[PDB]
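K.L.:
model20.txt is reproduced below (compact mmCIF, C-alpha atoms).
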```
# COMPACT_ATOMS: atom_id res chain seq x y z
CA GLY A 1 7.52 12.54 -16.37
CA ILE A 2 9.85 12.80 -19.38
CA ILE A 3 13.53 13.45 -20.13
CA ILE A 4 15.38 14.36 -23.33
CA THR A 5 18.99 13.14 -23.42
CA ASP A 6 21.66 11.02 -25.18
CA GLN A 7 20.83 7.28 -25.42
CA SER A 8 24.19 6.15 -23.95
CA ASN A 9 23.93 7.66 -20.47
CA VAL A 10 20.17 6.93 -20.21
CA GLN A 11 21.19 3.50 -18.83
CA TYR A 12 22.97 5.33 -16.00
CA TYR A 13 20.01 7.71 -15.64
CA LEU A 14 17.51 4.86 -15.40
CA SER A 15 18.98 3.66 -12.11
CA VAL A 16 18.98 7.21 -10.75
CA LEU A 17 15.33 7.61 -11.74
CA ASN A 18 14.59 4.57 -9.52
CA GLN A 19 15.86 6.81 -6.61
CA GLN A 20 18.79 4.45 -6.09
CA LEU A 21 21.85 6.64 -5.50
CA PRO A 22 21.81 7.59 -1.78
CA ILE A 23 22.66 10.74 0.17
CA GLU A 24 26.46 10.78 0.52
CA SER A 25 28.22 13.40 2.70
CA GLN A 26 30.09 16.37 1.21
CA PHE A 27 31.56 17.38 4.59
CA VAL A 28 35.11 16.88 3.23
CA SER A 29 35.14 20.47 2.00
CA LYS A 30 32.98 22.26 4.54
CA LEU A 31 34.67 20.37 7.39
CA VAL A 32 37.31 23.05 7.87
CA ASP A 33 35.21 26.20 8.11
CA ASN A 34 32.73 24.43 10.38
CA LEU A 35 35.56 23.25 12.62
CA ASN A 36 36.95 26.79 12.78
CA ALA A 37 33.53 28.13 13.74
CA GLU A 38 33.23 25.53 16.49
CA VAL A 39 36.67 26.47 17.80
CA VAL A 40 35.69 30.14 17.84
CA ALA A 41 32.51 29.30 19.74
CA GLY A 42 34.97 28.23 22.42
CA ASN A 43 34.92 24.56 23.35
CA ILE A 44 37.08 22.52 20.96
CA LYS A 45 40.37 22.84 22.95
CA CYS A 46 41.87 19.51 21.68
CA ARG A 47 41.84 17.21 18.68
CA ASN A 48 40.09 14.61 20.84
CA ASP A 49 37.30 17.16 21.31
CA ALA A 50 37.17 17.75 17.56
CA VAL A 51 36.94 14.01 16.94
CA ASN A 52 34.11 13.72 19.46
CA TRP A 53 32.26 16.57 17.75
CA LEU A 54 32.69 14.93 14.35
CA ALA A 55 31.02 11.74 15.56
CA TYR A 56 27.71 13.65 15.70
CA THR A 57 28.15 14.60 12.00
CA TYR A 58 26.71 12.56 9.09
CA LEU A 59 30.14 12.35 7.46
CA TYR A 60 31.28 10.04 10.25
CA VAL A 61 28.19 7.89 9.79
CA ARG A 62 28.84 7.67 6.06
CA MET A 63 32.44 6.63 6.71
CA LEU A 64 31.26 3.94 9.12
CA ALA A 65 28.80 2.65 6.52
CA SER A 66 30.96 2.45 3.33
CA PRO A 67 34.49 3.75 4.16
CA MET A 68 36.84 2.85 1.28
CA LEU A 69 35.45 5.45 -1.16
CA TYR A 70 35.96 8.25 1.40
CA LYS A 71 39.79 8.13 1.46
CA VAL A 72 39.70 5.54 4.30
CA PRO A 73 42.80 3.50 5.32
CA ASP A 74 41.44 0.44 7.22
CA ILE A 75 38.62 -0.63 9.61
CA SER A 76 40.47 -3.17 11.84
CA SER A 77 42.99 -0.64 13.23
CA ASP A 78 40.57 2.29 13.63
CA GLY A 79 37.38 0.36 14.51
CA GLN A 80 35.22 3.48 14.96
CA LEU A 81 37.40 5.93 12.95
CA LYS A 82 39.41 6.86 16.06
CA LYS A 83 42.48 7.44 13.87
CA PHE A 84 40.80 8.53 10.64
CA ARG A 85 38.88 11.27 12.44
CA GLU A 86 42.09 12.44 14.10
CA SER A 87 43.84 12.53 10.72
CA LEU A 88 41.03 14.67 9.31
CA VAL A 89 41.16 17.03 12.28
CA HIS A 90 44.94 17.29 12.02
CA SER A 91 44.66 18.11 8.32
CA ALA A 92 42.10 20.80 9.07
CA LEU A 93 44.15 22.36 11.85
CA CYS A 94 47.41 22.63 9.91
CA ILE A 95 45.80 24.50 7.02
CA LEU A 96 43.74 26.61 9.41
CA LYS A 97 46.87 27.49 11.38
CA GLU A 98 48.64 28.47 8.17
CA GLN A 99 45.76 30.87 7.41
CA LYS B 1 6.57 -0.66 -31.47
CA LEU B 2 7.95 -3.92 -29.97
CA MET B 3 9.64 -4.43 -26.58
CA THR B 4 12.40 -6.79 -25.37
CA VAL B 5 13.61 -8.28 -22.06
CA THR B 6 16.08 -5.56 -21.05
CA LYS B 7 18.08 -4.00 -18.15
CA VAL B 8 16.15 -3.00 -14.98
CA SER B 9 12.89 -4.77 -15.90
CA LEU B 10 11.65 -4.95 -12.23
CA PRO B 11 9.38 -6.50 -13.57
CA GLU B 12 6.57 -3.97 -12.84
CA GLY B 13 7.96 -1.83 -15.72
CA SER B 14 6.24 -2.52 -19.04
CA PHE B 15 6.91 -0.36 -22.10
CA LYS B 16 9.25 0.20 -25.01
CA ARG B 17 8.87 1.96 -28.39
CA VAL B 18 11.36 2.67 -31.24
CA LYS B 19 12.13 4.87 -34.23
CA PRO B 20 15.05 5.04 -36.70
CA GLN B 21 15.55 8.62 -35.27
CA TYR B 22 15.49 7.92 -31.50
CA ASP B 23 14.79 4.80 -29.37
CA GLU B 24 11.80 5.96 -27.28
CA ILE B 25 10.84 4.31 -23.95
CA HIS B 26 7.80 4.79 -21.68
CA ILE B 27 7.14 3.58 -18.12
CA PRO B 28 3.78 3.04 -16.39
CA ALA B 29 2.63 4.82 -13.24
CA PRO B 30 4.12 3.85 -9.85
CA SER B 31 1.93 1.40 -7.88
CA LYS B 32 -1.02 2.51 -5.77
CA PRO B 33 -0.84 1.79 -2.03
CA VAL B 34 -2.03 -1.34 -0.24
CA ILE B 35 -4.45 -0.28 2.55
CA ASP B 36 -4.09 -1.81 6.04
CA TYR B 37 -4.83 1.46 7.90
CA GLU B 38 -7.47 4.02 8.85
CA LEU B 39 -7.32 7.30 6.91
CA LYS B 40 -7.01 9.45 10.04
CA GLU B 41 -9.95 11.85 10.37
CA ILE B 42 -9.79 15.34 11.93
CA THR B 43 -12.53 14.95 14.61
CA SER B 44 -10.37 12.38 16.46
CA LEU B 45 -8.14 15.33 17.51
CA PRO B 46 -8.61 17.42 20.67
CA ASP B 47 -10.59 20.70 20.47
CA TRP B 48 -7.95 23.33 19.59
CA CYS B 49 -6.12 20.91 17.25
CA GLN B 50 -8.93 20.78 14.61
CA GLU B 51 -7.88 24.25 13.33
CA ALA B 52 -4.78 22.52 11.89
CA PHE B 53 -6.81 22.00 8.69
CA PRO B 54 -9.46 24.78 8.67
```
Any chance you could put this one into structure tokens?

P.N.:
Amino acid sequence: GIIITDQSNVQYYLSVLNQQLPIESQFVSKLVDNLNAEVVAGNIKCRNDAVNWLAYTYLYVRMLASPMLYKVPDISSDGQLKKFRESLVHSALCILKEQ
Amino acid sequence: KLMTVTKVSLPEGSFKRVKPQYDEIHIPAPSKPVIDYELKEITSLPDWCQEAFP
């Protein structure tokens, strides 16, 4: 197993090669469309429902794990993302409404 | 060529080489497994199941 590269970033690459960087959710983007689909399917009638749904997603799990990087306000107030999730949902539903 | 105590040693990792053109590094093979198990044979299965691996 070989790589050809610049010597500077190799240092960065070395860590990666040790399989270190984990799976980290990209549901930020695909949140919206998915949410829309769910709505269409005919069950998400409230933002509470949406929040509940989101809990089953890996994004939520990721947030719970290591929040701050994922745009997160604070853990003490939310506890289990019960405001953050809402915020996300709200964001989704304004844009969706507009379209 | 020579090797030095460097970043992410492990220290199971054990190679370094050099040139004035490019600084060339090698790494040995990943470790082979410790065995505290039975390599599960096929005959231990039920009858139909042994056509999993024909």

K.L.:
Between B:12, B:44, B:27, B:1, which one has atoms that come closest to chain A, using all atoms listed in the file?

P.N.:
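Among B:12, B:44, B:27, B:1, it is B:27 that comes nearest to chain A.
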
K.L.:
Measuring between only C-alpha atoms, which one of B:40, B:17, B:26, B:32 shows the shortest distance to chain A?

P.N.:
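Residue with the minimum atom-to-atom distance to chain A: B:26.
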
K.L.:
List as a VMD selection string the protein and nucleic acid residues near segment 63-79 of chain A, meaning an atom at most 12 Å away when only C-alpha atoms are counted, but skip any in the same chain fewer than 6 places from it.

P.N.:
chain A and resid 22 to 28 54 to 55 57 85 to 88

K.L.:
Would you list which chain A residues are within 9 Å of chain B using only C-alpha atoms, as a compact mmCIF listing (two decimals) with C-alpha atoms, keeping the file's coordinate frame?

P.N.:
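Final output, iface06.txt:
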```txt
# COMPACT_ATOMS: atom_id res chain seq x y z
CA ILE A 2 9.85 12.80 -19.38
CA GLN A 7 20.83 7.28 -25.42
CA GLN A 11 21.19 3.50 -18.83
CA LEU A 14 17.51 4.86 -15.40
CA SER A 15 18.98 3.66 -12.11
```

K.L.:
Rank A:29, A:99, A:19, A:9 by their smallest atom-to-atom distance to residue 59 of chain A, using all atoms listed in the file, and report the top residue only.

P.N.:
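Ranked by minimum distance to residue 59 of chain A, first place goes to A:29.
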
K.L.:
State, in Å with one decimal place, the distance from atom CA of residue 33 of chain A to atom CA of residue 21 of chain A.

P.N.:
27.3 Å

K.L.:
What is the distance between atom CA of residue 5 of chain A and atom CA of residue 31 of chain B, in Å to one decimal?

P.N.:
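We find that atom CA of residue 5 of chain A and atom CA of residue 31 of chain B lie 25.9 Å from each other.
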
K.L.:
Point out the residue among A:94, A:4, A:81, A:38 with the least atom-to-atom distance to residue 53 of chain A, counting only C-alpha atoms.

P.N.:
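Selected residue with least distance to residue 53 of chain A: A:38.
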
K.L.:
Just give me the gap between atom CA of residue 18 of chain B and atom CA of residue 6 of chain B in Å, one decimal is fine.

P.N.:
13.9 Å

K.L.:
Please produce segment 2-29 of chain B, completed to N, CA and C atoms, as a CSV table (one decimal), in the coordinates of the input.

P.N.:
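Final file, result.csv:
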```csv
chain,number,residue,atom,x,y,z
B,2,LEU,N,7.6,-2.8,-30.8
B,2,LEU,CA,8.0,-3.9,-30.0
B,2,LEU,C,8.9,-3.6,-28.8
B,3,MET,N,8.9,-4.5,-27.8
B,3,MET,CA,9.6,-4.4,-26.6
B,3,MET,C,10.4,-5.7,-26.3
B,4,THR,N,11.5,-5.6,-25.7
B,4,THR,CA,12.4,-6.8,-25.4
B,4,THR,C,12.8,-6.9,-23.9
B,5,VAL,N,13.1,-8.1,-23.4
B,5,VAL,CA,13.6,-8.3,-22.1
B,5,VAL,C,15.0,-7.6,-21.9
B,6,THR,N,15.0,-6.5,-21.1
B,6,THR,CA,16.1,-5.6,-21.0
B,6,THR,C,16.5,-5.2,-19.6
B,7,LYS,N,17.5,-4.4,-19.5
B,7,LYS,CA,18.1,-4.0,-18.2
B,7,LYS,C,17.1,-3.2,-17.3
B,8,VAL,N,17.0,-3.6,-16.0
B,8,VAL,CA,16.2,-3.0,-15.0
B,8,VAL,C,14.7,-3.2,-15.4
B,9,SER,N,14.3,-4.4,-15.5
B,9,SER,CA,12.9,-4.8,-15.9
B,9,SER,C,12.0,-4.5,-14.7
B,10,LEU,N,12.2,-5.2,-13.6
B,10,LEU,CA,11.6,-5.0,-12.2
B,10,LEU,C,10.8,-6.1,-11.6
B,11,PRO,N,9.9,-6.8,-12.2
B,11,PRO,CA,9.4,-6.5,-13.6
B,11,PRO,C,8.0,-5.8,-13.6
B,12,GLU,N,7.8,-4.8,-12.8
B,12,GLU,CA,6.6,-4.0,-12.8
B,12,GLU,C,6.6,-3.0,-14.0
B,13,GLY,N,7.8,-2.7,-14.5
B,13,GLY,CA,8.0,-1.8,-15.7
B,13,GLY,C,7.6,-2.6,-17.0
B,14,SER,N,6.9,-1.9,-17.9
B,14,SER,CA,6.2,-2.5,-19.0
B,14,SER,C,6.0,-1.6,-20.2
B,15,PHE,N,7.0,-1.1,-20.8
B,15,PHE,CA,6.9,-0.4,-22.1
B,15,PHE,C,8.2,-0.2,-22.8
B,16,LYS,N,8.2,-0.3,-24.1
B,16,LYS,CA,9.2,0.2,-25.0
B,16,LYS,C,8.7,0.5,-26.4
B,17,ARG,N,9.1,1.6,-27.0
B,17,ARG,CA,8.9,2.0,-28.4
B,17,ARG,C,10.2,2.2,-29.1
B,18,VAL,N,10.2,2.4,-30.4
B,18,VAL,CA,11.4,2.7,-31.2
B,18,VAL,C,11.1,3.6,-32.4
B,19,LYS,N,12.1,4.3,-32.9
B,19,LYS,CA,12.1,4.9,-34.2
B,19,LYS,C,13.5,4.7,-34.8
B,20,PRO,N,13.7,4.8,-36.2
B,20,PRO,CA,15.0,5.0,-36.7
B,20,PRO,C,15.7,6.4,-36.3
B,21,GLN,N,15.0,7.3,-35.8
B,21,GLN,CA,15.6,8.6,-35.3
B,21,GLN,C,16.1,8.5,-33.8
B,22,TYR,N,15.2,8.1,-32.9
B,22,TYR,CA,15.5,7.9,-31.5
B,22,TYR,C,14.7,6.7,-30.9
B,23,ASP,N,15.4,6.0,-30.0
B,23,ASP,CA,14.8,4.8,-29.4
B,23,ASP,C,14.0,5.2,-28.1
B,24,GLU,N,12.7,5.3,-28.2
B,24,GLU,CA,11.8,6.0,-27.3
B,24,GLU,C,11.1,5.0,-26.3
B,25,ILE,N,11.4,5.2,-25.0
B,25,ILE,CA,10.8,4.3,-24.0
B,25,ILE,C,9.8,5.0,-23.1
B,26,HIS,N,8.8,4.3,-22.6
B,26,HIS,CA,7.8,4.8,-21.7
B,26,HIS,C,7.8,3.9,-20.4
B,27,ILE,N,7.3,4.4,-19.3
B,27,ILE,CA,7.1,3.6,-18.1
B,27,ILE,C,5.8,3.9,-17.5
B,28,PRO,N,5.1,2.8,-17.0
B,28,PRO,CA,3.8,3.0,-16.4
B,28,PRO,C,3.9,3.8,-15.1
B,29,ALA,N,2.7,4.1,-14.5
B,29,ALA,CA,2.6,4.8,-13.2
B,29,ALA,C,3.2,3.9,-12.1
```
